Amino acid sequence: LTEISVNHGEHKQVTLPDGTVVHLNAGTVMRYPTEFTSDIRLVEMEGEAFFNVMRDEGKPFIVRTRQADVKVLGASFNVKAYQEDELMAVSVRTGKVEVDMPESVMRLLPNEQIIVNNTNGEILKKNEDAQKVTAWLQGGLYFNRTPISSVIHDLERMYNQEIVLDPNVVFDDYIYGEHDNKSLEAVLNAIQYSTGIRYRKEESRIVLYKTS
């Protein structure tokens, strides 16, 4: 078994022993064997990774996360499952994907997604543009009615910058937009434009707030 991790502000790309390509986003850990010797190709992951799985009908590939197993024969898909986040999501780019959870099994096709809420156990299957979901691969951000708390975790991880919400302010906002390789400052300005949320820098801390 080997394990790789990705620091905040970084990515990694790895090719697995079966030829599967995995792109790992900031803050992610993945554990995999140097050889797939069993009847399944199993990896364990916490964080976010995009898998382009080499087709082997004879040997399913399983991405095992705390919340779910994602099982394919040959497919490309994103798994966003940061242990610190309120949401986990699996989004299919190509092929067919099975998501196995304790009390739910669902099959997904391209541009379908499952969102699991880690805090209240809700499970939502819906449509979503997987090309936008996976914009992170090219340094993009994509928000589609994304809760501000989740946005902030994405920003912290992307930019390697601590960002906290003013505890005396209500942050009930949902964020929309696509940002292509923007500065943190620019992304925060765009949020300000959309929500009124302001930001100020402190000793190694950005604090978000509101006024009026």
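Residue numbers here begin at 1 and follow the sequence given.
Participant: Using only C-alpha atoms and the B-factors in the entry, which stretch averages higher, 19-27 or 194-202?
Facilitator: According to the entry, 194-202 carries the higher average C-alpha B-factor.
Participant: Comparing 73-81 with 137-145, which stretch shows the greater average C-alpha B-factor in the deposited entry?
Facilitator: Result: 137-145.
Participant: Comparing recorded Cα B-factors across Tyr159, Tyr176, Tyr32, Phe50, which one is largest?
Facilitator: In the PDB entry, the greatest C-alpha B-factor among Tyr159, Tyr176, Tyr32, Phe50 is found at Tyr176.
Participant: According to the deposited entry, which of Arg66, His153, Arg41, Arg55 has the largest Cα B-factor?
Facilitator: The listed residue with the largest C-alpha B-factor is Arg55.
Participant: Tell me, lowest, middle or highest third: where does the Cα B factor of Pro102 rank within its chain?
Facilitator: Highest third - that is where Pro102 ends up once the chain's C-alpha B-factors are sorted.
Participant: Could you look up the Cα B-factor of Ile62 in the entry and say which third of the chain it sits in: lowest, middle or highest?
Facilitator: It falls in the bottom third of the chain.
Participant: Quick one: classify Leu165 as lowest, middle or highest third of the chain based on its Cα B-factor.
Facilitator: Ranked within chain, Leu165 CA B lands in the highest tercile.
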